[PDB]
Amino acid sequence: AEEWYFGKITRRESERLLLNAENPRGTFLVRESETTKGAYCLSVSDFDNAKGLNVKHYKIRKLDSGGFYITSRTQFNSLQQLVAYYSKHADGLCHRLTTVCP
Amino acid sequence: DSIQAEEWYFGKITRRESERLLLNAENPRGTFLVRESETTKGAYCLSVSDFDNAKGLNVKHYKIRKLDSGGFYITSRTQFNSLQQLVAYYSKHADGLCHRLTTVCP
């Protein structure tokens, strides 16, 4: 299955998996949302002055038609196409997606 | 020491890596490994391969806690003096697990 899809894990777990080792900014995973049923979460590491090393979480929603989106700028016919896209284009995410979470 | 050299212990491999190893189609369901938990310090994880046609091959991860007396448990039903003893038991009795432990992960 997708090496970046971690399934049903908690926000807190995703943060510990992502921060467990010294990973480049943009290390990520996709998981089910804890707080919104049917939705997913893209959890991405980042570093900045205000927060230091931190993890940002983006909700991915699923359209009734089947597609997925984080914003109105782009939507994707699959979840791997979303990931493939943001691996090359950050567009409003804190960083483009670089390493899959070890 | 001894735990390090056990065929069923995979040390510090990550949650994702354990699923990479266990989800290989060769492995019968009930193929397992024991590893450190990445998310609870001091805990271990029993990772077991499973299957159902409404989901395919998938992995169940059970936390193993160590009691400060020295024991290890997954549930209140049974506790164990060692991880070797825990594996031995669940190789005989599923008791709440998705499957009896059958094959040690290659």
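Residues numbered from 1 in each chain as written, not as in the entry; some residues may be left out. Chains lettered and ligands numbered in written order. Part of a larger assembly, values for the part shown. Heavy atoms only, no water. Residues with missing side-chain atoms left out of burial classes, pairs and counts.

Looking at the PDB entry, chain B carries the name C-SRC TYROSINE KINASE, with the source organism given as Homo sapiens. Listed as the entry title in the PDB record is "C-src (SH2 domain) complexed with ace-formyl phosphotyr-glu-(n,n-dipentyl amine)".

As recorded by the PDB entry, chain A carries the name C-SRC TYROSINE KINASE and is attributed to Homo sapiens.

As for the pairing of strand β2 (residues 28-32) of chain A
Residue and element names in this part refer to chain A. The buried fraction of β2 is high, at 4 of 5 residues. The pairing of strand β1 (residues 5-7) with β2 spans 2 bridges and is parallel. The residue of β2 that forms the bridge with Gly7 is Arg31. Following the backbone out of β1, through helix α1 (residues 11-19) and into the adjacent parallel β2, one traces a crossover that is right-handed. (Buried < 20%, exposed > 50% of the residue type's maximum accessible area, 1.4 Å probe, protein only. Helix = DSSP H or I, 4+ residues; strand = E, 2+ residues; numbered from the N terminus. Pairing = 2+ DSSP bridges. Right-handed = clockwise from strand over helix to strand, strands pointing away.)

Notes on the interface of chain B and chain A
Residue-level contacts link 5 residues of chain B with 10 residues of chain A. Here chain B and chain A share an interface that buries about 820 Å² over both sides, 53% of which is from carbon and sulfur atoms. When the area that chain B buries against chain A is broken down by residue, the three leading residues are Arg16(B), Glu38(B) and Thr39(B), summing to 71%. Remark: the boundary between chain B and chain A carries 1 salt bridge. Residue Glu3(A) is joined to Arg16(B) by a salt bridge in which the shortest nitrogen-to-oxygen separation is 3.3 Å. (Contact = heavy atoms within 4.5 Å. Buried area = accessible area lost by both parts, 1.4 Å probe. Salt bridge = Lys/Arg side-chain N within 4 Å of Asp/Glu carboxyl O.)

Some remarks on the layout of surface pockets
Rolled over the atoms, a probe as big as a water molecule pinpoints where empty space is left. Looking at the second largest pocket, its volume works out to about 160 Å³. Every residue along the wall of the second largest pocket is listed here: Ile9(A), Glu13(A), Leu17(A), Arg15(B), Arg35(B), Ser37(B), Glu38(B), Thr39(B), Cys45(B), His61(B), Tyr62(B) and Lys63(B). Counting residues per element, the ones that place at least two in the lining of the second largest pocket are α1 of chain A together with β3 (56-66) of chain B. Per element, the largest residue contribution to the lining of the second largest pocket is 3 residues, and it comes from β3(B). Residue classes in the lining of the second largest pocket are distributed as 4 nonpolar, 3 polar and 5 charged. (1 Å grid on protein atoms, 1.4 Å probe; cavity = no way out; pocket = protein on both sides within 12 Å on 5 of 7 lines; lining within 4 Å. Points joined across faces, edges and corners; volume = space filled by probe spheres on them. Nonpolar A, V, L, I, M, F, W, Y, C, P; charged D, E, K, R; others polar.)

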